[PDB]
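The structure is given below, and queries will be raised subsequently.
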Amino acid sequence: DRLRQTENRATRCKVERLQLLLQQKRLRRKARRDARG
Amino acid sequence: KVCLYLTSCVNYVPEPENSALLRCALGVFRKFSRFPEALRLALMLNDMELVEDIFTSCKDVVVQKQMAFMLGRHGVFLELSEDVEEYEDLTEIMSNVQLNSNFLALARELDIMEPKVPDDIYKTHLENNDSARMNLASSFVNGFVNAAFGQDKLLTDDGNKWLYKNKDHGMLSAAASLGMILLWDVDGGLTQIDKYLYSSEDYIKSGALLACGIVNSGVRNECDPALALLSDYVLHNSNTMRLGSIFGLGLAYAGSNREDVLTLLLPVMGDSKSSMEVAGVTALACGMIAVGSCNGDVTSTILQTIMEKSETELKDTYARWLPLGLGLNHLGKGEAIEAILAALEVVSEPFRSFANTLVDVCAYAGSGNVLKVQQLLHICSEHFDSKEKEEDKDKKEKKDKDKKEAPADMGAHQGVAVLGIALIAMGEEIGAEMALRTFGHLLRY
């Protein structure tokens, strides 16, 4: 139960970081298209 | 001819013709050059950058359409340097990123955004009137019907109470359907799957890892969210968790031949804790990542994993995925496989004929067969007829279609006739007579 709590906390901080990076890349992509149109 | 002496090299004859005889835009050149096993690096990637200055005409189109082995599309301009004029747009096309946002644009224009429930598809009101099994069917049907739409009516609203209507492995596949419901939505799908990654059930957590793999299948995202989430689970103590992480990586990184994903997976086949299911799913995932690449570490580690296994483990149903992972790594490759047939020859009877036919079938897929098929035919009716063990030529029929998938559609013109006056007309109990999958595999329309 302790191992799984440390594991799920490590996974969380990995997912929360990935979601931020995906959102930042998605915003950069969109900004290029919206500037071409 | 069947032998790769004119079949795979007569394709080079038309190559100059595009390159410098007719129009030089080379739009059709990429199509033609894909045919020679899609060699690409020495055949296409070296011979499409030249046009460049037809980026508005050919380059805008041929780059975006390309959906095969994907590193090369992201191997030029993209992260390579992007000095290539419009590098950043060419990389956004070859990566299939636009599937989700571009696919959802088409889905708005066709007015098909509204999610459909499995009962709309069944039409249970026109049906003239084991819950574990039923739920599982409706989870897969909801996944398939609402695939890449980012929205459903089953897992969105009350999805925790949907998952707990399934049992055991059914909860893994019900949680994985959320990935496949958002197929190609890499940016939005992770946020919907996140809620299951912290489950108190290994089946649900493994199914959520498999869902993360499914969502990335055929889309090369710059953030590598499949590799970055599945890596930590590949060697996990739990088996149920291993399966979801490894098959998730195999789906996320298919066709990429990513050394950093392969070096993480190859040790799992040799781990003392891996069941034959985990070893088979690992060889399968490596063969999907390295498909048609002839990767040496994938080849050697799978051959070794077959040679180190007992005849009692090679009789497990999951052992069939070892020579599949091996055959996928050499898919299309006709010349390269004699060494692998040679190495597999050392294995005993139950697995060797199955493994050799599966690797040979994967190498020379598509090419018309008139002489090797004769052997395949002679290796299709005359083994079990006069021996006690009634399983020797069954899979031979299975792969009969292989190498004759769509060979100018005249093979199919006869393949069914070949199977027409065949086993079903005079076959056996279950071994050969089970050519049913062959007919299905013959055509997909």
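Here chain B follows Swiss-Prot, giving residues 228-356, 366-681 in order.
Heads up, header says this was done by electron microscopy, 3.3 Å.
The backbone N, Cα and C atoms fix where each Cβ goes, and this holds for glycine too.
Dumping what Swiss-Prot says about this protein:
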| type | residues | note |
| --- | --- | --- |
| REPEAT | B:409-442 | repeat 'PC 1' |
| REPEAT | B:443-479 | repeat 'PC 2' |
| REPEAT | B:480-514 | repeat 'PC 3' |
| REPEAT | B:517-551 | repeat 'PC 4' |
| MOD_RES | B:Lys551 | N6-acetyllysine |
| REPEAT | B:560-589 | repeat 'PC 5' |
| REGION | B:623-645 | region 'Disordered' |
| COMPBIAS | B:623-643 | compositional bias 'Basic and acidic residues' |
Which one, B:480-514, B:517-551, B:560-589, has the most C-beta pairs under 8 Å toward the repeat 'PC 1' (B:409-442)?
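Per the Cβ count, the answer is B:480-514.
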Over the span of the repeat 'PC 3' (B:480-514), count residues by DSSP class, listing helix, strand and coil in order.
23 helix, 0 strand, 12 coil
Just to be sure I understand, if DSSP states are collapsed into helix, strand and coil, how many residues of the repeat 'PC 5' (B:560-589) fall in each?
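Its residues fall into 18 helix, 0 strand, 12 coil.
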Against which stretches of its own chain does the repeat 'PC 4' (B:517-551) lie, if we need a Cβ under 8 Å and a gap of at least six residues from its ends?
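Sequence-distant neighbours of the repeat 'PC 4' (B:517-551): 264-265, 296, 478-479, 482-483, 485-487, 489-494, 497-499, 501-502, 504-506, 510, 557-569, 572, 576, 579-580, 582-584, 586-587, 591.
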How many helix, strand and coil residues does the compositional bias 'Basic and acidic residues' (B:623-643) contain under DSSP?
5 helix, 0 strand, 16 coil
Over the span of the repeat 'PC 1' (B:409-442), count residues by DSSP class, listing helix, strand and coil in order.
26 helix, 0 strand, 8 coil
So what sits near B:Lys551 (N6-acetyllysine) in its own chain, CB-to-CB under 8 Å and at least six residues off in sequence?
B:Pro586
In three-state terms from DSSP, label the residue listed as 'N6-acetyllysine' for me.
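Once the DSSP labels are grouped into three classes, the residue listed as 'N6-acetyllysine' ends up as coil.
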Per DSSP, what is the residue tally for the repeat 'PC 2' (B:443-479) in helix, strand and coil?
23 helix, 0 strand, 14 coil
